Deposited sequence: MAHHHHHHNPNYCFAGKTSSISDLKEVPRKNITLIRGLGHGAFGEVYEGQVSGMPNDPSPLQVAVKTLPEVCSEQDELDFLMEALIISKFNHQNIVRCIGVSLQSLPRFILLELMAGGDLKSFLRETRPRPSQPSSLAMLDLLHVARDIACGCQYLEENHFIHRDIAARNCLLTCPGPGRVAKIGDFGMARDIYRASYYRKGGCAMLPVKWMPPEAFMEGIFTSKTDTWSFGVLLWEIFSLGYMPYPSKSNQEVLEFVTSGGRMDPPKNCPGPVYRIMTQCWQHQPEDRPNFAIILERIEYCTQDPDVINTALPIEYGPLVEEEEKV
């Protein structure tokens, strides 16, 4: 069994909280898509159940174990909790905090202000999401964990409603690197030194967060509209940056452009990003700005 080290402390599969299988009940599917399905479950503790396909390879198995280790060792309110695992029966389960709000990309797209729901979302809602994730990112940074795929699709919300809390909910890219091809690399979330030299640092996540910010304030659009991966790659390598999302306040767009500085040393750390997000939330001109209605 493979070891895992986080914050200088080493852990193994023996450290995972094995929950007996008879205590776990699947309720409904929530989605599958990627390698494996996710169910809503009960253990009464309500959970999301990540499953390992019984038809899988050794590396799939090791990947599954590793992400169980990774998530169980984090302890922060803006990173999804692991309730436990069930690895001693098939199919194997990872049990996660149930985030009833779903993933952030879908949330933004489905909850866009609309003539029927003209006020479904406000700027403050987006700023709170941004703060939530930047807080999780700061926790990762200060523990020297590099996520490598900070993106709306990998974030979750506790609930649909106003008191929703956003958290990072997938660590599959960090897991692969810890131990995929070009076409699957998240190049649209990657800084120039990452997709060119394969160099990753805490400043890798800063760039990606800038792109997430754009995702948030665009209300769920795909980055670099109309551009393929290679076109984005060459665009960004040449100094190109995205325009402001529609109606985006200038103070918010400024955080994005600072996150997108070519030199990683010129990009803010997450403490500074949080400061600027906080300042945006205080500023009436920012938060009184109306989001577009589809």
Would you flag the ranges of the deposited sequence that the structure leaves without C-alpha positions? 1 to 8, 52 to 59, 196 to 201, 317 to 327
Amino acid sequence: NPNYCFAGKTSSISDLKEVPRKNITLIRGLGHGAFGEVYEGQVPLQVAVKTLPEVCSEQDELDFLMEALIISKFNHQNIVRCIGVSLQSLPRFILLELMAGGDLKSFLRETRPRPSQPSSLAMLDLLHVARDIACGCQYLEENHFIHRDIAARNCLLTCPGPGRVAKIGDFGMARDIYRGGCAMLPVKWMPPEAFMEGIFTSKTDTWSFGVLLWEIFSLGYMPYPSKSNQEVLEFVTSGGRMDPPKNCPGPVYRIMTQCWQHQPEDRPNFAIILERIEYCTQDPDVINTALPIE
From here on, numbers count along this sequence of modelled residues.
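Rigid core here is just the name for the largest C-alpha set that superposes within 1.5 Å across the two forms.
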Should one compare 166 to 174 and 99 to 107 by root mean square Cα distance from the shown form in 4 other deposited structures of this protein, core superposed, the larger belongs to 166 to 174
Given a rigid core fit, name the stretch, 110 to 118 or 216 to 224, whose C-alphas are on average farther from the form shown here in 4 other deposited structures of this protein. 110 to 118
Other entries lacking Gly161, at least a third: no
If we scan the other compared entries, does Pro186 go without coordinates in at least a third? no
Please compare 93 to 101 with 193 to 201 and name the stretch with the higher mean C-alpha B-factor in the deposited structure. 193 to 201
State which stretch shows the higher mean Cα B factor in the entry: 21 to 29 or 277 to 285. 21 to 29
When you compare the CA B-factors of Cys56, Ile255, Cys248, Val49 as listed in the entry, which one comes out on top? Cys56
Which of these, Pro113, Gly169, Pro223, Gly136, has its C-alpha atom at the highest B-factor, as the entry lists it? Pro113
According to the PDB entry, is the CA B factor of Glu142 in the bottom, middle or top third of its chain, that is, lowest, middle or highest? middle
So, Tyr178's CA B-factor, relative to its chain, sits in which third? The highest
Relative to the other modelled residues in the chain, which third contains the C-alpha temperature factor of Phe235: lowest, middle or highest? middle
Sort the modelled residues of this chain by their C-alpha B factor and say whether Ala152 lands in the lowest, middle or highest third. lowest
Sorting the chain's modelled residues by C-alpha B-factor and splitting them into thirds places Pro162 in the highest
